[PDB]
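Quick setup: one chain, the form deposited in one PDB entry, written in structure tokens, and binding and motion questions come after.
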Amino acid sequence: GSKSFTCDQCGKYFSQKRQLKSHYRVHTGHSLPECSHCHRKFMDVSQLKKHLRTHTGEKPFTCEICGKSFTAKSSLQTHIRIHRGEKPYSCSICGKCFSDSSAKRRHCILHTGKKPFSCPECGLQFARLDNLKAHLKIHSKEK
């Protein structure tokens, strides 16, 4: 108010060209925080610090119930729902319930019938890239 600079990638507005230039890094990766180990780039230094633990194996979020540790507090939170039998995610179509939000989302795809992963050796189609990977191991053990 007013803002006359716009990003030609996402359309966001800025009052100063310096602000647009800074923002434009999320699209080009130029000068985004760079991991000294793998040299990948991240949105802010907090996401970089989070990624650092993928190289060290540090798992700083421990479950006080069973003692297992997790890389992220969100993962620990999801894990604790297992102990407590808390399944707040349900398929609206068949009523199946899950403690894990990704298990629920993955399950719901099955009601679409889509099988976009086709074995390049025999043409068998799978809903899950998982199942195709495992399926291809059978072709290799056959050869």
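By rigid core we mean the largest C-alpha set that fits within 1.5 Å across both forms. All residue numbers refer to positions in the sequence shown, first residue = 1.
Remark: stretch with higher mean C-alpha B factor among 43-51 and 65-73 is 43-51. Taking the mean C-alpha B-factor of each stretch as recorded, 117-125 and 12-20 are not equal, and the higher mean is that of 12-20.
Between the residues 90, 31, 102, 78, it is 31 that shows the highest Cα B-factor in the PDB record.
The maximum CA B-factor among the listed residues 97, 108, 26, 82, taken from the PDB record, is found at 26.
The form deposited in another entry exists for this protein as well; it is not shown, and the discussion that follows is about that form.
Of the residues checked (83, 37, 115, 68), the rigid-core alignment between the shown form and the other one shows a Cα shift of at least 2 Å for 37 alone.
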